[PDB]
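Q: Got a structure here, written out as structure tokens. Questions coming.
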Amino acid sequence: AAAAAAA
Amino acid sequence: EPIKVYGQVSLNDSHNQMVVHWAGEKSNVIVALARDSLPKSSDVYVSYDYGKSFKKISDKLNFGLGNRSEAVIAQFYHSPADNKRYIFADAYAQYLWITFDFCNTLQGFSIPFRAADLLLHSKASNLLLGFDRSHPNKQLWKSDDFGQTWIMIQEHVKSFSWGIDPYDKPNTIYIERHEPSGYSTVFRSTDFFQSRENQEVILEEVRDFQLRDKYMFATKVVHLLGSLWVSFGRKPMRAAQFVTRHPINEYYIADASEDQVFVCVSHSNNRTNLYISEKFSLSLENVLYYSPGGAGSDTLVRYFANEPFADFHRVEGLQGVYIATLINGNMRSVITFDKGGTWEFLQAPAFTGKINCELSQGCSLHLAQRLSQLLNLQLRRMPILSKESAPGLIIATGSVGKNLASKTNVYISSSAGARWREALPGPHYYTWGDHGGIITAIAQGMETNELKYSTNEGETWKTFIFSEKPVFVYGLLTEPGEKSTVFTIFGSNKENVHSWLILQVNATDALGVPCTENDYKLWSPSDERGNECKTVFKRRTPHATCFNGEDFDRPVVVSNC
Ligand SMILES: *[C@@H]1O[C@H](CO)[C@@H](O)[C@H](O)[C@H]1NC(C)=O
Ligand SMILES: *[C@@H]1O[C@H](CO)[C@@H](O)[C@H](O)[C@H]1NC(C)=O
Ligand SMILES: *[C@@H]1O[C@H](CO)[C@@H](O)[C@H](O)[C@H]1NC(C)=O
Ligand SMILES: *[C@@H]1O[C@H](CO)[C@@H](O)[C@H](O)[C@H]1NC(C)=O
């Protein structure tokens, strides 16, 4: 697991 | 209990990358793309009960029968005009999937090009542009039926964008077309380049082009022999005067608002400076800046950032207040409540929740931002946070002393930065909801099950246990606009490792009651450092435990003092 983003 | 866990969703998903969208028009629709870092595979999910439950809809993204093979979604796009509609581009195949009804129904379509990059119009919901990046021609495509059919409108394109209403007429398009020099010339058409009369050159042989509100920008290269360009209100572009003795190497537009522009200027020496237009006077020198070129190129960042940027934060709801990072060898933070008219050292807090720090001695509060964080390897750490939904509210991660230490804490100011307090000792994820009415934080590093929250601007904190078992946490977010009191916790269960987990926390009962006028004060940044000139905001008084609604409409009054 790494990251979460909006958009 | 004051805080309810509205939903716990264990997607059985091992993808490392998670992209989340809130349709958010009071539609309880939430779209999620799970994928690989930038792709081998993907799974698209969708919730209609606002993250209470999630339906996996990857099997609805197929190329039909006779073609079982699994699809891989690179990216998904939304209409800024119509939140009901979305588009899903395949990464490898020249294929789309369109939706007009919140993903209850999808249609597989073939397209002439690979959907490497799509651009949807903000107003004309049926209108969009497409770009085939790894195509030798660099073709640009247009669709009028929201991606069902396409036509090619240009070749050899470097960059492109839609016009900006009202400044540019409808259907306006700006592009950089490649020149044999390797440079580009910027065009503008309204006929989608079917008419020479409406096609119109706006600059020649330009290194780069940036469109920003009223202003337009571009870097012209002038190679002399003896051993930037600006538009304003679309009036033709002319070079700006700079007051320097040192030569200029790199340009970067830090912030654009009408009448004042902030530009970073990095010289041959690798020193970077800040200028302000209205003709560029000097504001601040030695500002932490990066370009690939680059000012900080040698170092770590190169493998993280392909596009230049700087440690320069604009406090969002305001006008005139910025926060930047200064470097010599060695990082320190400076704040200006004027638009670069004057700068200052950030006054450290008065206590711990006490501690000694003084500007005369040489120490001030130092806030870690995007750039300085990567250098100290703070990959997942939070940049400075400020939003228009909560004017004059700033939360940041940083240190007290003469220099940004490895050791960092969480600092909060409801004073536009003029006065800080020490909120949290460690580094935390943080965000806020209900127009700044409520602040949640979660501890970085070790797995937790504690959600620290605060209703009095970080003055005190309470703990809510959101999970019986502690989980690793990858992010803490809100629906953008921060009006709701729902907070989403992204994370994964302990081993078996890396199964995505979406916890939906509901914190209305911490606020308890609807606010009345008794819990409101008038406040301008003028009040904090002045009076000086203004904009006056109605703000909930810090100690008021209540909620302004989701439909809160902050009253801002602009006046000639
Ligand atoms: C499935 O569809 C895509 C495009 O429609 C095509 O490129 C691909 O060849 C098909 N699958 C197989 C088995 O080749
Ligand atoms: C750079 O750092 C040195 C000592 O580390 C100091 O003497 C000098 O004043 C600094 N220069 C600037 C521009 O602050
Ligand atoms: C969340 O919780 C509050 C209080 O428990 C409730 O008033 C509100 O309707 C809930 N909102 C959602 C989105 O479930
Ligand atoms: C306030 O004054 C400015 C210039 O002094 C003027 O342009 C503006 O119209 C004034 N505001 C209002 C509401 O008239």
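Please read every residue number as a count from 1 along the shown chain.
Cβ atoms are placed via backbone N, Cα and C, with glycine included.
Here's the feature list from Swiss-Prot:
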CARBOHYD  B:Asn12  N-linked glycosylation site
REPEAT    B:45-56  repeat 'BNR 1'
CARBOHYD  B:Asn67  N-linked glycosylation site
REPEAT    B:141-152  repeat 'BNR 2'
CARBOHYD  B:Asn270  N-linked glycosylation site
CARBOHYD  B:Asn328  N-linked glycosylation site
REPEAT    B:411-422  repeat 'BNR 4'
REPEAT    B:452-463  repeat 'BNR 5'
CARBOHYD  B:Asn506  N-linked glycosylation site
CARBOHYD  B:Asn560  N-linked glycosylation site
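Any idea what these are sitting next to in the structure?
A: Within the same chain, residues at least six positions away from B:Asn12 (N-linked glycosylation site) with a Cβ under 8 Å of its Cβ are B:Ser499.
DSSP places the residues of the repeat 'BNR 1' (B:45-56) in helix, strand and coil in these numbers: 0 helix, 5 strand, 7 coil.
According to DSSP, B:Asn67 (N-linked glycosylation site) is assigned to coil rather than to any helix or strand.
For the repeat 'BNR 2' (B:141-152), the residues of the chain that approach it from at least six positions outside its boundaries are 79, 85, 87, 96, 98, 100, 109, 111-113, 118, 125-132, 192, judged by C-beta separation under 8 angstroms.
According to its DSSP assignment, B:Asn270 (N-linked glycosylation site) is coil.
In the three-state DSSP scheme, B:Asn328 (N-linked glycosylation site) falls into the coil class.
Note: the repeat 'BNR 4' (B:411-422) comprises 0 helix, 5 strand, 7 coil (DSSP; helix = H, G, I, strand = E, B).
Around B:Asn506 (N-linked glycosylation site), the same-chain residues six or more apart in sequence whose CB sits under 8 Å from its CB are B:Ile3, B:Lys4, B:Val5, B:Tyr6, B:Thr485, B:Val486, B:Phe487, listed in sequence order. A strand conformation is recorded for B:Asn506 (N-linked glycosylation site) in the three-state DSSP classification.
Under the DSSP three-state reduction, B:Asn560 (N-linked glycosylation site) is assigned to coil, being neither helix nor strand. Residues within less than 8 Å, Cβ to Cβ, of B:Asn560 (N-linked glycosylation site) and separated from it by at least 6 positions along the same chain comprise none.
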Q: Tell me the Cβ neighbour count for B:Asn270 (N-linked glycosylation site), meaning other Cβ atoms within 10 Å of its Cβ, over all protein chains shown.
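A: Around B:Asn270 (N-linked glycosylation site), other Cβ atoms within 10 Å: 16.
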Q: Let me spell it out: take the repeat 'BNR 4' (B:411-422), skip the flanking residues so only those 6+ beyond its ends count, and list any with a Cβ under 8 Å from a Cβ in it.
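A: Residues 315, 318, 321, 323, 335, 337, 346-353, 355, 365, 367, 392-398, 400, 436, 439, 457-459, 525, 528-529, 539, 542 contact the repeat 'BNR 4' (B:411-422) from elsewhere in the chain.
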Q: Reported in the order helix, strand, coil, what are the DSSP residue counts of the repeat 'BNR 5' (B:452-463)?
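A: Per-class counts: 0 helix, 5 strand, 7 coil.
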Q: Quick one: which of the glycosylation sites (B:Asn12, B:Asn67, B:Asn270, B:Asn328, B:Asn506, B:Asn560) have their CB closer than 6 Å to ligand 4?
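A: Passing the 6 Å Cβ check against ligand 4: B:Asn560.
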Q: In DSSP terms, helix, strand or coil for B:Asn12 (N-linked glycosylation site)?
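A: DSSP assigns B:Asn12 (N-linked glycosylation site) to coil.
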Q: Running a distance check here. Ligand 3 versus the glycosylation sites B:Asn12, B:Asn67, B:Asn270, B:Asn328, B:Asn506, B:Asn560: which have CB less than 6 Å from one of its atoms?
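A: The qualifying glycosylation sites are B:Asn506.
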Q: Distance between the Cα atoms of B:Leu38 and B:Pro39, in Å as an integer, please; the 4 residues between them are unmodelled.
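A: Unmodelled segment endpoints: Cα atoms separated by 6 Å.
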Q: Can you tell me which of these glycosylation sites sit near ligand 1, meaning the Cβ is under 6 Å from at least one of its atoms: B:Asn12, B:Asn67, B:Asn270, B:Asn328, B:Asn506, B:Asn560?
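A: Going through B:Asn12, B:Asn67, B:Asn270, B:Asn328, B:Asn506, B:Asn560 in sequence order, those close to ligand 1 turn out to be B:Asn67.
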